[PDB]
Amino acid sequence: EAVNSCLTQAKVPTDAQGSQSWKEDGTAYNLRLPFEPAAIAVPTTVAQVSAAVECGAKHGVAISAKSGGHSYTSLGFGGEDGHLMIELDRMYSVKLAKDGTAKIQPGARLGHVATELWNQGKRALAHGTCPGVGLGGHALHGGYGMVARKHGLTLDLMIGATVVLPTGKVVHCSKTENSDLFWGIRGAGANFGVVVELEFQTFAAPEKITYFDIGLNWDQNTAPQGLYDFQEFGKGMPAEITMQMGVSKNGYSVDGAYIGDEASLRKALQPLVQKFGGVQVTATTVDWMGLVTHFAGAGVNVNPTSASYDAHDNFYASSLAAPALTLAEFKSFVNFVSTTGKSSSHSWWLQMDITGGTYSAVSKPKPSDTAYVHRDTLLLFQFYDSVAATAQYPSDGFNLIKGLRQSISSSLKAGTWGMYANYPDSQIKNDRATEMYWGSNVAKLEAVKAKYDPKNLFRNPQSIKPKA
């Protein structure tokens, strides 16, 4: 590699091909989708990120930044062999300021973000539950978690960013400075260079936040009206509730979080309990860091910073951003789950999240206000199929997950639905993926791309192509 000798001569730290250091940074989270970079740069400073980008641009090699490496389709590698991969997980600084603003390096994992903001000032951001997820990939495409309906997606509290452009030039952007770049980073942020700092307006970390679960005993006769009643409750429910429906061969269960105490949560859910019949709510009030710890899972490191991070799964996933569904659409879905899902040997599961409703912060911005387009949808579905670490993923798994999703999406009006770039689907056609993830924002994203990455060095198979 001329690109490797360029990096060494620019005093950019790199991993030697085939070494233990290469295996540490260069093993994709998803064991189904390993990739072999041309080079792995391991910068500790913004100056080293600039030099690494300049080296890639000079040699015409595709460049991919990897923060936490949780991409379901290994897009931090580029979703193919041969990129210059810029490993960012050595840069995990979280700095909270007295005015409640925070400057965070994207290589900080969500558990480290939550731990540092909690300990520095009892502050928080609206991010998802896995603690190992990088804040870079998460916030640049959305970031949905247990307080989304009150505080928005992670990117809804972003107020600034620092980006290494594909020239190596370091720029600042905000609503008031390079606002076109700042728009694109807030939902399509892999496309425009390496983000090396994100600035946010934190919120006060709740002293009292209640997690809750509702165990259900549904079948093909009760599940359609139960899912419809769940959805209808979600449309009107207060911003303090974020919740989801989990579904697998084991049946149906509600889980969520409520900003407030247990008594208030039980009063707020009583109409949904009355819709269902014969259910009990389980609920526990904790503080914010208690809530983060609870959803991390038993025995998971809630504050991961080590370069030796090595979480893995072996899986295929897909998603659906959907408007409100009819009860007939829920019947089609439950029919698929009760027949094809029930008889499947696969360990599949899905979540149906309420992202919208009258009071939701996620559905407050218009679709065009950020690159994140799915502001008009009520539901976010995640579909997941996993096999053991030492199994090969079977191709009938693609058809199982496609069938689960299409049991809903094949009945929806064209242009009213899509997919979530944080839950990317490897099997979709390349340009159909760009429309699923960014919808009506694609045209403006292509113009931003033509301005900031005209040579399309920051590319992957599902990424935005430059068009002025």
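One-based numbering along the sequence shown.
A summary of the deposited B-factors shows that, of 133 to 141 and 191 to 199, the stretch with the larger mean C-alpha value is 191 to 199. Of the two segments, 267 to 275 and 338 to 346, the one listed with the higher mean B-factor is 338 to 346 (C-alpha atoms only). Ranking 228, 393, 381, 211 by the C-alpha B-factor listed in the PDB entry places 393 at the top. Annotation for 389, 147, 373, 113: 389 ranks highest, by Cα B-factor. Sort the modelled residues of the chain by CA B factor and residue 23 lands in the highest third. In this PDB entry, the Cα temperature factor of residue 445 sits in the bottom third of its chain's modelled residues, the lowest group. Among the modelled residues of its chain, residue 250 has a C-alpha B-factor that falls in the highest third according to the deposited record. In the deposited entry, the Cα temperature factor of residue 299 sits in the top third of values across the chain's modelled residues. In the PDB entry, a CA B factor belonging to the middle third of its chain's modelled residues is recorded for residue 206.
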